[PDB]
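Peer 1: When you get a sec, could you give me coordinates for this:
(one chain, ligands or ions: 1)
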Amino acid sequence: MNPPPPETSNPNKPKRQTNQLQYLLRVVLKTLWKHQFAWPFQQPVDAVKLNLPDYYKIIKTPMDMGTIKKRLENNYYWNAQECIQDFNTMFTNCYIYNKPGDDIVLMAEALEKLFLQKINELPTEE
Ligand SMILES: COc1cc(OC)c2c(=O)cc(-c3cc(C)c(OC[C@H](O)CN4CCN(C)CC4)c(C)c3)oc2c1
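Peer 2: Numbering: from 1, shown residues only. Pasting the structure now:
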């Protein structure tokens, strides 16, 4: 069985909409979301359909771009670093669970290269 997905809504968590967070949605997430390798990362890993009974025994902090997209659209974050960590968690989970040469790993690295190139020009806070 799959665990419940990460939280995307929490009304007692403080939130805001900084220009950095707008950039993470409009530049960073949109760039990765449209990429040819985005599809495995657009929703939580469905370990049941994929028949990976051990995935959520090894991956204790799941994350994915569907969760990140909902969080940005919901203005769930307080700062840019919370959102950047989610991306890095999602990439790291992939490298942690899988074999170094795997397709899913190459897909992850292609998205992460773009991720790094975009956050390198993260604007200073307005
Ligand atoms: C869709 O979205 C995502 C997103 C993901 O991360 C974002 C991942 C991910 O992390 C890795 C896997 C995955 C890994 C193996 C190893 C596998 O293969 C298991 C199969 O039973 C056959 N192999 C078993 C091992 N035997 C040695 C050889 C055969 C399958 C089907 C998927 O899928 C993902 C899908």
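
Peer 1: Is the residue in the chain positioned nearest to the ligand in a helix, a strand, or coil?
Peer 2: The minimum distance from the chain to the ligand, using CB to the nearest ligand atom, falls at residue 40 (3.1 Å). (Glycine included, C-beta is placed from N, CA and C.) Following DSSP: H, G, I helix; E, B strand; the rest coil, we place residue 40 in the helix state.

Peer 1: Ok, the one 3 residues further on next?
Peer 2: Here residue 43 takes the coil state, with states given by three-state DSSP.

Peer 1: distance of it from residue 96?
Peer 2: Distance, residue 43 to residue 96, by CB to CB, to the nearest Å: 19 Å.

Peer 1: where do the helices sit along the chain?
Peer 2: Assigned by DSSP state H, the helices in the chain fall at 19-23, 30-34, 47-50, 55-58, 65-73, 80-97, 103-119.

Peer 1: which one of those lies closest to residue 11?
Peer 2: Distance to residue 11, taken as CB to CB, is lowest for helix 65-73 among these, at 13.8 Å.

Peer 1: for the closest one, packing partners?
Peer 2: Helix 65-73 is packed against helix 30-34, helix 80-97, with contacts defined by 3 or more CB pairs under 8 Å, 6 or more residues apart in numbering; DSSP states H and E.

Peer 1: show me the contacts for residue 114.
Peer 2: Contacts for residue 114 were tallied using CB atoms under 8 Å, 6 or more residues apart in numbering; they are 31, 32, 35.

Peer 1: Any chance of those in CSV with neighbour count as columns?
Peer 2: Listed next are the contacts of residue 114 as CSV, based on neighbours: other CB atoms under 10 Å:
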residue, neighbour count
31, 15
32, 23
35, 14
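
Peer 1: hmm, back to that, can you tell me which of the helices and strands packed on helix 65-73 is most buried?
Peer 2: Highest mean neighbour count of the helices and strands packed on helix 65-73: helix 80-97, a mean of 18 (counted as mean count of other CB atoms under 10 Å).

Peer 1: No further questions, thank you.
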